[PDB]
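For reference, data-v2.cif is printed below; it contains mmCIF, C-alpha atoms.
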```
data_input
loop_
_atom_site.group_PDB
_atom_site.id
_atom_site.type_symbol
_atom_site.label_atom_id
_atom_site.label_comp_id
_atom_site.auth_asym_id
_atom_site.auth_seq_id
_atom_site.Cartn_x
_atom_site.Cartn_y
_atom_site.Cartn_z
ATOM 1 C CA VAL W 1 11.663 -7.467 22.725
ATOM 2 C CA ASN W 2 9.974 -9.860 20.223
ATOM 3 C CA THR W 3 7.298 -11.061 22.656
ATOM 4 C CA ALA W 4 6.582 -7.406 23.500
ATOM 5 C CA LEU W 5 6.120 -6.737 19.778
ATOM 6 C CA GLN W 6 3.861 -9.811 19.588
ATOM 7 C CA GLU W 7 1.743 -8.525 22.492
ATOM 8 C CA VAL W 8 1.413 -5.000 21.078
ATOM 9 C CA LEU W 9 0.501 -6.386 17.635
ATOM 10 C CA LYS W 10 -2.128 -8.637 19.242
ATOM 11 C CA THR W 11 -3.498 -5.633 21.160
ATOM 12 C CA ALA W 12 -3.615 -3.610 17.934
ATOM 13 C CA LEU W 13 -5.358 -6.534 16.213
ATOM 14 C CA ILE W 14 -8.057 -6.803 18.877
ATOM 15 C CA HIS W 15 -8.502 -3.004 19.118
ATOM 16 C CA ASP W 16 -8.271 -2.371 15.310
ATOM 17 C CA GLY W 17 -5.642 0.344 15.818
ATOM 18 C CA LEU W 18 -3.301 -0.780 13.052
ATOM 19 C CA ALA W 19 -2.275 0.177 9.504
ATOM 20 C CA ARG W 20 -0.875 -2.842 7.650
ATOM 21 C CA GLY W 21 0.626 -2.825 4.154
ATOM 22 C CA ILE W 22 2.807 -0.055 2.731
ATOM 23 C CA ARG W 23 0.452 2.424 1.027
ATOM 24 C CA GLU W 24 -1.933 3.160 3.898
ATOM 25 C CA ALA W 25 1.078 2.839 6.214
ATOM 26 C CA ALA W 26 2.710 5.710 4.306
ATOM 27 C CA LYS W 27 -0.669 7.482 4.547
ATOM 28 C CA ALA W 28 -0.557 7.039 8.321
ATOM 29 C CA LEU W 29 3.087 8.135 8.599
ATOM 30 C CA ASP W 30 2.384 11.307 6.608
ATOM 31 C CA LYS W 31 -0.759 11.739 8.744
ATOM 32 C CA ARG W 32 1.550 12.211 11.819
ATOM 33 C CA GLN W 33 -0.513 9.933 14.083
ATOM 34 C CA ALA W 34 2.178 7.285 14.508
ATOM 35 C CA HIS W 35 3.761 5.689 17.589
ATOM 36 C CA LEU W 36 5.893 2.722 16.455
ATOM 37 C CA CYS W 37 7.287 1.448 13.166
ATOM 38 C CA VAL W 38 8.710 -1.948 12.214
ATOM 39 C CA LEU W 39 10.664 -3.352 9.273
ATOM 40 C CA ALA W 40 11.850 -6.800 8.199
ATOM 41 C CA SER W 41 15.343 -6.220 6.806
ATOM 42 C CA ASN W 42 17.684 -8.240 4.483
ATOM 43 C CA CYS W 43 14.835 -9.104 2.078
ATOM 44 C CA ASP W 44 14.640 -8.503 -1.690
ATOM 45 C CA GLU W 45 14.668 -4.701 -1.345
ATOM 46 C CA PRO W 46 16.618 -2.967 -4.137
ATOM 47 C CA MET W 47 15.161 0.463 -3.304
ATOM 48 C CA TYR W 48 12.256 -0.138 -0.876
ATOM 49 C CA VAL W 49 14.787 -0.263 1.985
ATOM 50 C CA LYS W 50 16.084 3.252 1.274
ATOM 51 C CA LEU W 51 12.540 4.567 0.704
ATOM 52 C CA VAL W 52 11.383 3.133 4.030
ATOM 53 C CA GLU W 53 14.469 4.371 5.919
ATOM 54 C CA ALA W 54 14.112 7.900 4.539
ATOM 55 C CA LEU W 55 10.430 7.683 5.470
ATOM 56 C CA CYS W 56 10.985 6.430 9.028
ATOM 57 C CA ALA W 57 13.857 8.816 9.694
ATOM 58 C CA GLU W 58 11.647 11.865 10.136
ATOM 59 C CA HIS W 59 10.779 12.515 13.824
ATOM 60 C CA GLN W 60 9.522 10.482 16.894
ATOM 61 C CA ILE W 61 9.668 7.332 14.722
ATOM 62 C CA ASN W 62 11.192 4.132 16.146
ATOM 63 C CA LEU W 63 12.430 0.929 14.480
ATOM 64 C CA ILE W 64 12.333 -2.818 15.163
ATOM 65 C CA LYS W 65 14.140 -5.279 12.877
ATOM 66 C CA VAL W 66 12.751 -8.723 11.992
ATOM 67 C CA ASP W 67 14.667 -11.428 10.114
ATOM 68 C CA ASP W 68 11.969 -12.172 7.510
ATOM 69 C CA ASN W 69 8.492 -11.086 6.410
ATOM 70 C CA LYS W 70 6.937 -14.403 7.480
ATOM 71 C CA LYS W 71 7.210 -13.846 11.240
ATOM 72 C CA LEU W 72 5.665 -10.402 11.831
ATOM 73 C CA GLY W 73 3.047 -11.367 9.263
ATOM 74 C CA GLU W 74 2.101 -14.126 11.695
ATOM 75 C CA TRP W 75 2.044 -11.682 14.624
ATOM 76 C CA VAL W 76 -0.160 -9.150 12.815
ATOM 77 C CA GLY W 77 -2.827 -11.693 11.827
ATOM 78 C CA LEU W 78 -2.704 -11.100 8.086
ATOM 79 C CA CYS W 79 -3.763 -14.446 6.567
ATOM 80 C CA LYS W 80 -5.405 -16.922 8.973
ATOM 81 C CA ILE W 81 -6.622 -19.989 7.050
ATOM 82 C CA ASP W 82 -6.944 -23.474 8.647
ATOM 83 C CA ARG W 83 -6.025 -22.346 12.162
ATOM 84 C CA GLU W 84 -6.006 -25.899 13.640
ATOM 85 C CA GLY W 85 -2.302 -25.835 14.404
ATOM 86 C CA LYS W 86 -0.127 -24.495 11.632
ATOM 87 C CA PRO W 87 -1.831 -22.118 9.167
ATOM 88 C CA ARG W 88 -2.306 -22.902 5.494
ATOM 89 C CA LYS W 89 -0.506 -19.927 3.934
ATOM 90 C CA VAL W 90 0.575 -16.642 5.536
ATOM 91 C CA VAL W 91 1.779 -13.818 3.298
ATOM 92 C CA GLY W 92 4.431 -11.446 4.626
ATOM 93 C CA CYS W 93 3.725 -7.822 5.514
ATOM 94 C CA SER W 94 6.550 -5.334 4.992
ATOM 95 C CA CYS W 95 5.893 -2.596 7.571
ATOM 96 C CA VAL W 96 3.282 -1.850 10.238
ATOM 97 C CA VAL W 97 2.241 1.577 11.528
ATOM 98 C CA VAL W 98 0.375 1.115 14.803
ATOM 99 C CA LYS W 99 -1.857 3.297 16.991
ATOM 100 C CA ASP W 100 -1.742 2.430 20.697
ATOM 101 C CA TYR W 101 -4.776 3.019 22.923
ATOM 102 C CA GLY W 102 -4.711 0.111 25.373
ATOM 103 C CA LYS W 103 -1.210 0.926 26.627
ATOM 104 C CA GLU W 104 -1.302 -1.006 29.910
ATOM 105 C CA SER W 105 1.435 -3.657 29.816
ATOM 106 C CA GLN W 106 4.845 -4.372 31.311
ATOM 107 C CA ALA W 107 5.969 -5.476 27.834
ATOM 108 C CA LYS W 108 5.023 -2.020 26.522
ATOM 109 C CA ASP W 109 7.165 -0.415 29.234
ATOM 110 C CA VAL W 110 10.195 -2.619 28.564
ATOM 111 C CA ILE W 111 9.993 -2.052 24.801
ATOM 112 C CA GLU W 112 9.583 1.702 25.443
ATOM 113 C CA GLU W 113 12.742 1.780 27.554
ATOM 114 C CA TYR W 114 14.416 -0.275 24.811
ATOM 115 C CA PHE W 115 13.533 2.498 22.336
ATOM 116 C CA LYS W 116 14.615 5.254 24.722
ATOM 117 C CA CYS W 117 17.973 3.587 25.511
ATOM 118 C CA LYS I 1 -25.657 -17.098 -25.080
ATOM 119 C CA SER I 2 -23.337 -17.137 -28.100
ATOM 120 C CA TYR I 3 -24.785 -14.852 -30.786
ATOM 121 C CA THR I 4 -23.324 -13.846 -34.155
ATOM 122 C CA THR I 5 -22.699 -10.300 -32.876
ATOM 123 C CA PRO I 6 -19.337 -9.806 -31.104
ATOM 124 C CA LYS I 7 -19.190 -10.144 -27.324
ATOM 125 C CA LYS I 8 -18.047 -7.225 -25.178
ATOM 126 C CA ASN I 9 -15.674 -7.487 -22.222
ATOM 127 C CA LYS I 10 -15.363 -5.844 -18.828
ATOM 128 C CA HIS I 11 -12.474 -3.425 -18.374
ATOM 129 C CA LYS I 12 -9.431 -5.242 -17.055
ATOM 130 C CA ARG I 13 -7.429 -2.816 -14.926
ATOM 131 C CA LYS I 14 -3.705 -2.503 -15.571
ATOM 132 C CA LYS I 15 -1.427 -3.464 -12.687
ATOM 133 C CA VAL I 16 1.311 -1.009 -11.627
ATOM 134 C CA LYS I 17 4.523 -2.231 -9.950
ATOM 135 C CA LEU I 18 5.230 -0.310 -6.695
ATOM 136 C CA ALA I 19 3.764 3.085 -7.566
ATOM 137 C CA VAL I 20 4.107 4.577 -4.048
ATOM 138 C CA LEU I 21 7.911 4.229 -4.270
ATOM 139 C CA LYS I 22 7.718 6.347 -7.417
ATOM 140 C CA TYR I 23 6.076 9.252 -5.548
ATOM 141 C CA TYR I 24 8.696 9.854 -2.832
ATOM 142 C CA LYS I 25 12.173 10.570 -4.213
ATOM 143 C CA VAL I 26 15.138 9.576 -2.047
ATOM 144 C CA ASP I 27 18.459 11.168 -2.938
ATOM 145 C CA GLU I 28 21.850 10.593 -1.310
ATOM 146 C CA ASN I 29 21.290 13.408 1.220
ATOM 147 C CA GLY I 30 18.936 13.778 4.180
ATOM 148 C CA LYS I 31 15.913 15.173 2.354
ATOM 149 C CA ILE I 32 12.591 13.922 0.985
ATOM 150 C CA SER I 33 11.195 15.213 -2.311
ATOM 151 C CA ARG I 34 7.590 15.175 -3.563
ATOM 152 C CA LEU I 35 7.367 14.692 -7.331
ATOM 153 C CA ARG I 36 3.649 14.888 -8.098
ATOM 154 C CA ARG I 37 1.082 17.203 -6.545
ATOM 155 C CA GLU I 38 -0.581 17.141 -3.118
ATOM 156 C CA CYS I 39 -4.152 17.589 -1.804
ATOM 157 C CA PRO I 40 -5.430 20.986 -0.553
ATOM 158 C CA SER I 41 -8.984 20.107 0.557
ATOM 159 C CA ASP I 42 -10.277 19.924 4.120
ATOM 160 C CA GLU I 43 -11.518 16.335 3.720
ATOM 161 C CA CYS I 44 -8.082 14.960 2.806
ATOM 162 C CA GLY I 45 -5.435 17.033 4.590
ATOM 163 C CA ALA I 46 -2.176 15.593 3.281
ATOM 164 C CA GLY I 47 -2.961 11.956 2.531
ATOM 165 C CA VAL I 48 -4.146 11.228 -1.005
ATOM 166 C CA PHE I 49 -2.509 12.688 -4.089
ATOM 167 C CA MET I 50 -3.374 13.889 -7.585
ATOM 168 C CA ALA I 51 -3.033 12.394 -11.059
ATOM 169 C CA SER I 52 -0.099 13.114 -13.359
ATOM 170 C CA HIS I 53 -1.872 13.604 -16.653
ATOM 171 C CA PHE I 54 -0.700 15.447 -19.751
ATOM 172 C CA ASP I 55 -3.122 18.386 -19.415
ATOM 173 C CA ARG I 56 -4.744 18.222 -15.949
ATOM 174 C CA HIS I 57 -4.244 16.987 -12.381
ATOM 175 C CA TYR I 58 -7.134 14.882 -11.070
ATOM 176 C CA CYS I 59 -7.865 14.322 -7.378
ATOM 177 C CA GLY I 60 -8.489 10.829 -6.043
ATOM 178 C CA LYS I 61 -11.903 11.555 -4.523
ATOM 179 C CA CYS I 62 -12.234 15.337 -4.002
ATOM 180 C CA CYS I 63 -12.440 15.979 -7.801
ATOM 181 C CA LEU I 64 -10.225 19.080 -7.674
ATOM 182 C CA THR I 65 -9.286 18.850 -11.348
ATOM 183 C CA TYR I 66 -6.844 21.656 -12.205
ATOM 184 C CA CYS I 67 -6.160 21.851 -15.947
ATOM 185 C CA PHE I 68 -3.201 23.767 -17.372
#
```

I'd like the structure from this file rewritten - as structure tokens, please.
Amino acid sequence: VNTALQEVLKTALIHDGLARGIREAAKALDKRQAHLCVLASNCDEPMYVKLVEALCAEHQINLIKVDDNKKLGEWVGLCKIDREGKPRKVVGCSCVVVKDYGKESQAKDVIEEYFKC
Amino acid sequence: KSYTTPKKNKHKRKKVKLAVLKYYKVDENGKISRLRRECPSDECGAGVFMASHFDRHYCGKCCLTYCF
């Protein structure tokens, strides 16, 4: 669920196993070293939505939908300025391709059985 | 120091709007199409791509320039 996504993004942040952005994320997806994929839908996407769905609909690739770019951008740790409470300005990240090495969590297991269901 | 000779400028680099979405072509069917070329070297397996010039195709870092 969303707190499981928050935990796996924090684990990827502290273990540096993450590919933020879109260009190196597409590099990682065409590199075939991918485990999970996320997307914030209903944004200003005239064609990026169909590009990213035809990209993520290849093989072994999962999906998690977020309401806006501002929330997963906070979970990935993109822009952290003035961290004493609320941040100053956080820019939204579109998609995240994540490598998982420290896969020891109950949240990982419940999100994995959410993908498999 | 302002001298009577004209002053040169550093190269400003022109900003492209969503170039990666121009490489992969998405039609109405379940297929993915590659417009420009790919990379054949052992350093970059399938990741980076080549330039679409009018008389050659230039690699990003491997310098495999193939001219027609």

query: Nearest to chain I: which of W:6, W:1, W:39, W:49 is it, counting only C-alpha atoms?
result: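 Looking only at the distances to chain I, the closest residue turns out to be W:49.
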
- request: Apply the PyMOL selection byres ((chain I) within 9 of (chain W)) to the displayed file and report the matching residues as a PyMOL selection string.
  value: chain I and resi 20-21+24-26+30-32+45-48

query: Pick the closest to residue 11 in chain W from W:98, W:62, W:35, W:40: which is it, counting only C-alpha atoms?
result: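 Ranked by minimum distance to residue 11 in chain W, first place goes to W:98.
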
- request: Select, from W:92, W:103, W:61, W:83, the residue with the minimum atom-to-atom distance to residue 36 in chain W, counting all atoms listed in the file.
  value: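 Of all the options, W:61 lies closest to residue 36 in chain W.
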
task: Give me the residues within 8 Å of range 15-21 of chain W as a VMD selection string, counting all atoms listed in the file and dropping any in the same chain fewer than 6 places off.
output: chain W and resid 28 93 to 102

Residue 77 in chain W environment, 10 Å, all atoms listed in the file, sequence neighbours closer than 3 positions dropped, as an mmCIF file with C-alpha atoms, keeping the file's coordinate frame:
```cif
data_model
loop_
_atom_site.group_PDB
_atom_site.id
_atom_site.type_symbol
_atom_site.label_atom_id
_atom_site.label_comp_id
_atom_site.auth_asym_id
_atom_site.auth_seq_id
_atom_site.Cartn_x
_atom_site.Cartn_y
_atom_site.Cartn_z
ATOM 1 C CA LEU W 9 0.501 -6.386 17.635
ATOM 2 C CA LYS W 10 -2.128 -8.637 19.242
ATOM 3 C CA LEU W 13 -5.358 -6.534 16.213
ATOM 4 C CA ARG W 20 -0.875 -2.842 7.650
ATOM 5 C CA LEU W 72 5.665 -10.402 11.831
ATOM 6 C CA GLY W 73 3.047 -11.367 9.263
ATOM 7 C CA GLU W 74 2.101 -14.126 11.695
ATOM 8 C CA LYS W 80 -5.405 -16.922 8.973
ATOM 9 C CA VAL W 90 0.575 -16.642 5.536
ATOM 10 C CA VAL W 91 1.779 -13.818 3.298
ATOM 11 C CA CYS W 93 3.725 -7.822 5.514
#
```

query: How far is it from CA of residue 34 in chain I to CA of residue 15 in chain I, in Å with one decimal?
result: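 Separating CA of residue 34 in chain I from CA of residue 15 in chain I is a distance of 22.6 Å.
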
Neighbour list for residue 53 in chain I as number ranges by chain, cut-off 12 Å, all atoms listed in the file, skip fewer than 6 positions in-chain: I: 36-37, 59, 65-68

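The smallest atom-to-atom distance between residue 65 in chain W and any of W:2, W:87, W:105, W:79, using all atoms listed in the file, is found for W:2.
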